[PDB]
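Each residue of the sequence shown is one higher than the last, beginning at 1 in the working numbering. Note that the Cβ used here is the ideal one computed from N, Cα and C, for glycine as well. Have a look at the structure below before the remarks.
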Amino acid sequence: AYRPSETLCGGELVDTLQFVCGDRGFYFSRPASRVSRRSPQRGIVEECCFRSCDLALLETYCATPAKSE
Numbered sequence: 001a002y003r004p005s006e007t008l009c010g011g012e013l014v015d016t017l018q019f020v021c022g023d024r025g026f027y028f029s030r031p032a033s034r035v036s037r038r039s040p041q042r043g044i045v046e047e048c049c050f051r052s053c054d055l056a057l058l059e060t061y062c063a064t065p066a067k068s069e
């Protein structure tokens, strides 16, 4: 069997973002911005919930890229 949802939308998306970044931090919006309002720009949800994504694509929404040399 496959997952009921191979996509990520809710708290499970946030969990994955914490996992792939570790302590590096991440943004839900494509731009990082400098004003953490309750209204972010569009971003991760478009590719991982409204579409399907991969961890490599997901990591591009991280504050810094992969550190796994």
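Alpha helix (DSSP H) segment containing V35, residue limits: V35 -> no alpha helix (DSSP H), and no H or E assigned at all.
Start and end of the alpha helix (DSSP H) containing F19? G11 to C21
When the distance is taken between beta carbons, is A66 closer than 7 Å to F26? no
Straight-line Cα distance separating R51 from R3: 15 Å
Might you give, ordered along the chain, the residues of its own chain that have their beta carbon closer than 6 Å to the beta carbon of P31, omitting 5 neighbours on each side? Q41
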